[PDB]
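Novice: Begin with these chain(s), straight out of the complex:
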Amino acid sequence: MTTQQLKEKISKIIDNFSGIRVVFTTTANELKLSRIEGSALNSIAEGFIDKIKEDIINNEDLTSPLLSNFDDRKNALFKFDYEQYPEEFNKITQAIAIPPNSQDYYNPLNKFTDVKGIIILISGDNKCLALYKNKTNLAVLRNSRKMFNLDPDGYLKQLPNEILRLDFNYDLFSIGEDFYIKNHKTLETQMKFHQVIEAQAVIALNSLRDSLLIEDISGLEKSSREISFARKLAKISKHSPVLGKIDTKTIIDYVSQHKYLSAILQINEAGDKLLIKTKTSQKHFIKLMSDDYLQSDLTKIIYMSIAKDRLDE
């Protein structure tokens, strides 16, 4: 389901906006309905609709690649292509379909410390888009305290620091039965997705040691505890057009002949394995199995692709 089709689904919901209702997900994994005032609700609706337009509708550089094809692209919504739905995904699926007559409402004596996330149900064209935000530390919003009598020298101090936020920023959303991610840190941390990524990264590490391309993998095994390397290891494990496709000797000779790659990735003292241990050399070898080292067919200049897309498909 292409990016343009995502745009037309979003515009069908937006331009036929039917209603908005907000679901709080608690720490006990029960969807408690909210009690947002009508005027604030209209303001919320307006702001979030504008945010959706700015990020999807009028966003011409909006790209929809796979989450397992993780790269560094701003204004990019990743398609969730994994088999494992963290419990909040199922909670959002059920959040789509609380019947309107339900009295399962959120008691506000909970002081908004039970609030674990916030679900914004924007409905349109008889469909229901669902946004998810989290309950961050309340940015520490300090207001001037003018205790005095009722203070031109007062000082700034957060008073309640229990007030709900929703700074108009979806971390992820779901249309139909298709989930999209904007703030990946939320998925890997709050929803505890790092397990899946680290397991796929271990699969990649095993394929690398079994491929016998490098000499000492303890460098990569050390770097695999960080998630910034685990995502790239998972990307290589699931999408590498180099690992498992081109033979090892061709890769060794490619590094040898490639002037820059040889100077960036040092070659082994023998010549059948590679010596890749330091953080930068690890990152370069990672970008090597990612096929990010590309030469121009016009200007004949080599580049370093942070984000790329196949054109033949």
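Specialist: That came through fine. Numbers count the residues shown, from 1 in each chain, chains lettered A, B, ... in the order given.
Novice: Could you use CA atoms for every contact and neighbour count after this?
Specialist: OK.
Novice: now residue A:156: how far from residue A:231?
Specialist: 41 Å (C-alpha to C-alpha, to the nearest Å).
Novice: With residue A:293 instead?
Specialist: Per C-alpha to C-alpha, residue A:293 is found 19 Å from residue A:231.
Novice: Neighbour count: the two, which is higher?
Specialist: residue A:231 (24 against 17; other C-alpha atoms under 10 Å).
Novice: That one contacts residue A:196, doesn't it?
Specialist: No. Using C-alpha atoms under 8 Å as the test, residue A:231 is too far from residue A:196 to be in contact (9.7 Å).
Novice: what does stretch A:153-167 contact?
Specialist: Residues outside stretch A:153-167 that contact it (C-alpha atoms under 8 Å, 6 or more residues apart in numbering): A:111-113, A:118, A:133-135, A:138, A:140-147.
Novice: Can you give me the domain assignment for chain A?
Specialist: Here the domain parsing of chain A from automatic domain parsing is A:3-136+A:165-191, A:195-304.
Novice: Using CSV, lay out these together with distance to residue A:152.
Specialist: Listed next are these as CSV, based on distance: least, C-alpha to C-alpha, whole Å:
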stretch, distance to residue A:152
domain A:3-136+A:165-191, 28
domain A:195-304, 48
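Novice: show me the contacts for the residue nearest to the spatial centre of chain A.
Specialist: With distances taken as C-alpha atoms, centre = their mean, the residue of chain A nearest its centroid is residue A:184 (2.0 Å). Contact analysis of residue A:184 by C-alpha under 8 Å, 6+ apart lists residue A:171.
Novice: Can you list phi and psi of it for me?
Specialist: Dihedral angles of residue A:184 (phi, psi; degrees, to the nearest 10) stand at phi -70, psi -30.
Novice: what do you get for the one 10 residues further on?
Specialist: Listed backbone geometry of residue A:194 is phi -60, psi -30, with angles given as degrees, to the nearest 10.
Novice: any idea how far it lies from residue A:123?
Specialist: For residue A:194, the distance to residue A:123 (C-alpha to C-alpha) stands at 31 Å.
Novice: So what's the residue count around residue A:251?
Specialist: For residue A:251, using other C-alpha under 10 Å, the count is 19.
Novice: name the element it belongs to?
Specialist: helix A:248-257 (DSSP states H and E).
Novice: Can you name the element that comes right after that helix?
Specialist: Toward the C-terminus, helix A:248-257 is succeeded by helix A:259-264 as the next helix or strand (DSSP H and E).
Novice: about what we covered before: out of the contacts of stretch A:153-167, which is most surrounded?
Specialist: Most neighbours among those, by other C-alpha under 10 Å: residue A:118, with 25 neighbours.
Novice: Where does that one sit: helix, strand or coil?
Specialist: Secondary structure state of residue A:118, per DSSP: H, G, I helix; E, B strand; the rest coil, is strand.
Novice: following sequence is chain B, add it:
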Amino acid sequence: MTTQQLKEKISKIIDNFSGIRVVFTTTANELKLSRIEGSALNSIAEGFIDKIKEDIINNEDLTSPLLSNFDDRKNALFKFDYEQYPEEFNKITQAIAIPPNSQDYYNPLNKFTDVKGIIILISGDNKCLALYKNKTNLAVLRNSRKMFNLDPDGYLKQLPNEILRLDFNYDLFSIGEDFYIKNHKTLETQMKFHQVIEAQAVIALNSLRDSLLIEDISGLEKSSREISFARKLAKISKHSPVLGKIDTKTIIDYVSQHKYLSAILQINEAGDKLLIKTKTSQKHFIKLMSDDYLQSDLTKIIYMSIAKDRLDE
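Specialist: Just below you will find chain B, in place on the chains above:
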């Protein structure tokens, strides 16, 4: 000044943290000093240090490219390489150097509607890093409203709507005499940099007209009122490895041979100029002069680089 040098400067300030003091910049372009309570000041220091570490120190994939070399890369702090300092740049430069004994303090009767931005002066290793935050449009809170006496009759509703925010999110910062941008929308909008960008885009249009490579520029001028195309026109005007090379016939033949481009970028009946009228053809020609169409010398697959880095340095 490379990215690693930024990393060691930032860790020098962080690991030798000496103090933090906050300056409010008003709408009249005068730096009024703040009155943040000590504990809240401590929370600010803590949170902003964590954000700085997460975005610079512990960010292993942090890139520091030029602002005029704008591409779509997350975890990237753009180096301000223009000659024109928007007024807030000078305001931050002067914010670095308010003497500690200054009593030019912000009177809080202003209800924080005079607050135009917020300057966070994080000092360390006898240097002063300076963060800048603004009041983003898409920002809102909600507190519970309910009372009766002091009965489930009440709703959630924002009431003060004057409270200062300072989400732990810097839009840009300045170390020494080197400015870096994170939230580019803040620069192009609040600081009104879009004039400079549109001027560079008109310069690019003129350079394209002088190149005599295209036939009709009316499409480009229509799309140039949008800023998302103006940034790409500025990138081509200052960095294009294709524009500025007088070889239109070579580019024509390249497009002809290029399997993908030939279907999108049509050649005229005389074969000396290009036919670029539709938005899609415009976007493809833009990514063409950006040298984003790159073929692998290993997998022999053509790709579309959203973000790239020249490797020669």
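Novice: and the contacts of stretch A:153-167, now that chain B is in?
Specialist: A:111-113, A:118, A:133-135, A:138, A:140-147, B:35-37, B:40, B:107-108, B:138-144 (C-alpha atoms under 8 Å, 6 or more residues apart in numbering or on different chains).
Novice: Could you list which of these belong to helices?
Specialist: Assigned to helices by DSSP state H, the following of those qualify: residue B:40.
Novice: Quick check: strands, which of the contacts of stretch A:153-167 are part of them?
Specialist: Among these, the residues falling in strands (DSSP state E) are A:118, A:133, A:134, A:143, A:144, A:145, B:143, B:144.
Novice: closest to residue B:254 among those residues?
Specialist: residue A:133 (47.3 Å; C-alpha to C-alpha).
Novice: any idea how far residue A:71 lies from chain B?
Specialist: According to C-alpha to the nearest C-alpha, to the nearest Å, residue A:71 stands 9 Å off from chain B.
Novice: before we move on, back to that, make a markdown table out of the ones in strands among the contacts of stretch A:153-167 and add distance to residue A:25.
Specialist: Below are the ones in strands among the contacts of stretch A:153-167 laid out as a markdown table (distance: C-alpha to C-alpha, whole Å):
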| residue | distance to residue A:25 |
| --- | --- |
| A:118 | 6 |
| A:133 | 10 |
| A:134 | 9 |
| A:143 | 28 |
| A:144 | 32 |
| A:145 | 32 |
| B:143 | 17 |
| B:144 | 17 |
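Novice: Can you name the residues of the stretch 51-200 of chain A sitting close to chain B?
Specialist: Within reach of chain B by C-alpha under 8 Å from any C-alpha of the partner chain, the stretch 51-200 of chain A has these residues: A:51, A:72-75, A:108, A:139-144, A:152-158, A:163-168.
Novice: could you flag which of those are buried?
Specialist: Taking 16 or more other C-alpha atoms under 10 Å in any protein chain shown as the criterion, what is buried in these is A:51, A:72-75, A:108, A:139-144, A:154-158, A:163-168.
Novice: ok, back up a step: need the CA coordinates for the helix holding residue A:251. CSV is fine.
Specialist: What follows is helix A:248-257, C-alpha atoms only, in CSV (Å, rounded to 0.1, in the frame of the first residue of the first chain):
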residue,chain,number,x,y,z
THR,A,248,33.1,-13.2,0.0
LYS,A,249,36.1,-13.0,-2.3
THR,A,250,34.2,-10.5,-4.5
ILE,A,251,33.6,-8.3,-1.3
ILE,A,252,37.3,-8.6,-0.3
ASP,A,253,38.5,-7.6,-3.8
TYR,A,254,35.9,-4.8,-3.9
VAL,A,255,37.3,-3.3,-0.7
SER,A,256,40.8,-3.8,-1.9
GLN,A,257,40.3,-2.1,-5.3
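Novice: beta partners of residue A:164?
Specialist: With DSSP bridges as the criterion, residue A:164 is bridged to residue B:142.
Novice: Please enumerate the helices of the stretch 201-313 of chain A.
Specialist: With DSSP state H, counting those that start in this stretch as the criterion, the stretch 201-313 of chain A has helices at A:218-223, A:227-239, A:248-257, A:259-264, A:279-289.
Novice: Since that was my last question, I'll sign off now.
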